[PDB]
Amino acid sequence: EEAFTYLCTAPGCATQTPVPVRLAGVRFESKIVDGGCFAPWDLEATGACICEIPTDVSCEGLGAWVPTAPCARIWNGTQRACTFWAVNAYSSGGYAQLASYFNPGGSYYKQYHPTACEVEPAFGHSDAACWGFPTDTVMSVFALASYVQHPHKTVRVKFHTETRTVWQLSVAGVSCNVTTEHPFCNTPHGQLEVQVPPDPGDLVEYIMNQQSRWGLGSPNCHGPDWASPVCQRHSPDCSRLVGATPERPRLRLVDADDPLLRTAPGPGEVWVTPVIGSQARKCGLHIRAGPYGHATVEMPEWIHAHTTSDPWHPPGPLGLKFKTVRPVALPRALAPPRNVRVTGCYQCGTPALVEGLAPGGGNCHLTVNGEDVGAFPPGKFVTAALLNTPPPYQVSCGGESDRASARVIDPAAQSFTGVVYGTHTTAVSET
């Protein structure tokens, strides 16, 4: 009574002989690796052309010239850079506003007018933008740039490893979920072995706030998916930044007729150009910024073109091998396992240690919150299992469950384990 038939993988696909088999659906199993939050590196810049020598180089102190909302937002950004250039200083009077106070680095100006920004002389640059001064022309330029994290551009990313396509079948109305790990279905006619195509490899789950979008791969940061937020800003706890980070933006004062404007600014470069005012004692500012990676990411557009609504699976078909063989039924232990300890992390990519005592009566088909971690003979057991569920852990051999003792941390905590975050401070003492 041995038979063979091909079963297609599309909805509606079904075989009739010798035993009717219907394709009920297609899903997937995996070992989740939660990377936390990802976002593009968004270089944002602001500033002002000022026909004055301001005494307070800050968003509040420059409120009369610098756009209020962009200043506050860019000031709170990552790798902030700001420069205040004195184009034409006070000829007389004032308070630490003469040209002499604008030495390279502006320490003389900073003594009387403290600021978190760099202060530089720019005497020699065109002061033509500031007109309508009968005796003393005054001109300064402010530029501010940082990598701003836009909430609408932030995505939660879960990497899917050890991916297994689940071919959900109905074998004469009896549910059977086949994978490369478990390709057999018990049938009274005899065992059914399903020949399945290989698994699709690693997947990328982009979580939008809740909808999931799918990527196939690591991702590949060297191919068409180079602009993926995964290839950019990484925050494991959706608060603190880790790993690769661009340098602080390079701010430059570039006059309108400077030959440098014939070329484009490089990544992280911000060029500011004073615009001649239509009004007396006023001027505009044109900003040219070189974005990270040579392009600005448009998140809804990137997600729509670089992801799918469902995870990818091979086209099939599935090879249905109907056999006359009847599997030997082994006696299973149904009592819960004892003294179970779970140590490590979950959804992290590092297998957690699961140890305990398997009871008598047969092999314990051990589950940790419903997750199959293998079968163990009666007695002490030790296993390294990749867990997808958080603590508390309910442990079972197939029957009743028991509460295991756990010392398990979350993926964000794992990302900060083995590292000391932040500024490293040291003091050199006098002899």
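Position 1 is the first residue in the sequence shown; the rest follow in order.
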>> Does at least a third of the other compared PDB entries (those resolving both flanking residues) leave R332 without coordinates?
In response: yes
>> I'd like the number of residues from the deposited sequence that lie between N209 and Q210 yet are not in the model, binned as none, 1 to 3, 4 to 9, or 10 or more.
In response: 4 to 9
> Got a sec? Mean C-alpha B-factor, which is higher, 130 to 138 or 225 to 233?
Replying inline: 130 to 138
> Would 383 to 391 or 65 to 73 have the larger average of its C-alpha temperature factors, as given in the entry?
Replying inline: 65 to 73
> Checking the entry, which one of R240, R332, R248, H182 has the top C-alpha B factor?
Replying inline: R332
>> Can you tell me which of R164, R326, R288, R252 has the maximum CA B-factor listed in the PDB entry?
In response: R326
>> Test of reading the entry: by CA B factor among the chain's modelled residues, which third contains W214?
In response: lowest
> Of the three thirds of its chain by CA temperature factor, lowest, middle or highest, which one includes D202?
Replying inline: lowest
>> For the chain shown, is the CA B-factor of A172 in the lowest, middle or highest third of its modelled residues?
In response: highest
> Among the chain's modelled residues, which third holds the C-alpha B-factor of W312?
Replying inline: middle
>> Ranking the modelled residues of this chain by C-alpha B-factor as given in the entry, is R156 in the lowest, middle or highest third?
In response: middle
